[PDB]
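J.: using only what follows, build the 3D model:
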Amino acid sequence: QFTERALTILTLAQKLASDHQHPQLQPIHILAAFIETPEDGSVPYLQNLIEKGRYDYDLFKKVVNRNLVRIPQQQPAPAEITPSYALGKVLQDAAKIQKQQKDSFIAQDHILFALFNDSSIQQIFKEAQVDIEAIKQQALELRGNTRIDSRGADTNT
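T.: Residues are numbered from 1 along each chain as shown. Shown next is the structure:
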């Protein structure tokens with residue numbers, strides 16, 4: 001039910017939590033995964049949105065990364081990294097947004113749209129001086145009338 005790229009982001013999100021000894025997986029981890037460099041050698045999806053929206057991407061990354069690495073480490077590192085409640089709702093929202101867009105798979109677009117409904121994410125965008133509604137408009141423009149009907153459909157470009 002997830003696209004390849006959506007899946008990459010969720011996996012990347014898990015690695016990020018792990019690499020920093022964070023106890024729970026949270027929305028910030030997904031946001032933080034959006035700004036990793038793709039192995040793709042390509043421009044990240046969210047970077048395109050931010051720059052076409054004409055915000056400062058460098059300042060944006062600093063703000064996001066600073067919110068990630070200031071999450072306090074837990075040792076005893078739990079056997080698992082639990083998805084928190086906020087993240088559960090975010091994923092649950094992404095599937096609803098997928099259906100409203102009449103798409104067949106949950107894409108990185110849907111996850112990004114779902115992240116916007118979460119309060120911590122909103123607080124982060126406000127710290128980075130980025131208007132969420134503007135990014136939402138860029139996201140629609142990015143996608144045009146493209147149907148997300150394959151797991152490869154949600155291109156970064």
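
J.: SS state for residue 120?
T.: Using DSSP: H, G, I helix; E, B strand; the rest coil, the structure places residue 120 in helix.

J.: quick one: contacts for it?
T.: Counting by C-beta atoms under 8 Å, 6 or more residues apart in numbering, residue 120 touches 26-28, 86. For every residue, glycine as well, the C-beta is placed using N, CA and C.

J.: and which of these is nearest to residue 5?
T.: residue 27 (17.9 Å; C-beta to C-beta).

J.: distance of that closest one from residue 42?
T.: 24 Å (C-beta to C-beta, to the nearest Å).

J.: which residue is most remote from the mean position of the chain?
T.: Ranked by distance from the centre of the chain (C-alpha atoms, centre = their mean), the top residue is residue 76, with 27.3 Å.

J.: where's that one relative to residue 23, distance?
T.: With distances taken as C-beta to C-beta, residue 76 is found 9 Å from residue 23.

J.: ok, residue 135 next?
T.: Counting by C-beta to C-beta - residue 135 and residue 23 are separated by 29 Å.

J.: got it, and residue 115?
T.: Counting by C-beta to C-beta, the gap from residue 115 to residue 23 is 20 Å.

J.: next one: residue 12
T.: According to C-beta to C-beta, residue 12 and residue 23 sit 18 Å apart.

J.: what sits against the most centrally placed residue in the chain?
T.: Closest residue to the average C-alpha location of the chain: residue 31 at 3.7 Å, with C-alpha atoms, centre = their mean. With contact taken as C-beta under 8 Å, 6+ apart, residue 31 is in contact with 64, 115, 121, 124.

J.: and it, which helix or strand is it part of?
T.: Assigned by DSSP states H and E, residue 31 belongs to helix 27-34.

J.: list the buried residues of that helix.
T.: For helix 27-34, burial by neighbour count (16 or more other C-beta atoms under 10 Å) applies to 27-34.

J.: just stretch 97-105 next, same as before
T.: 97-98, 103, 105.
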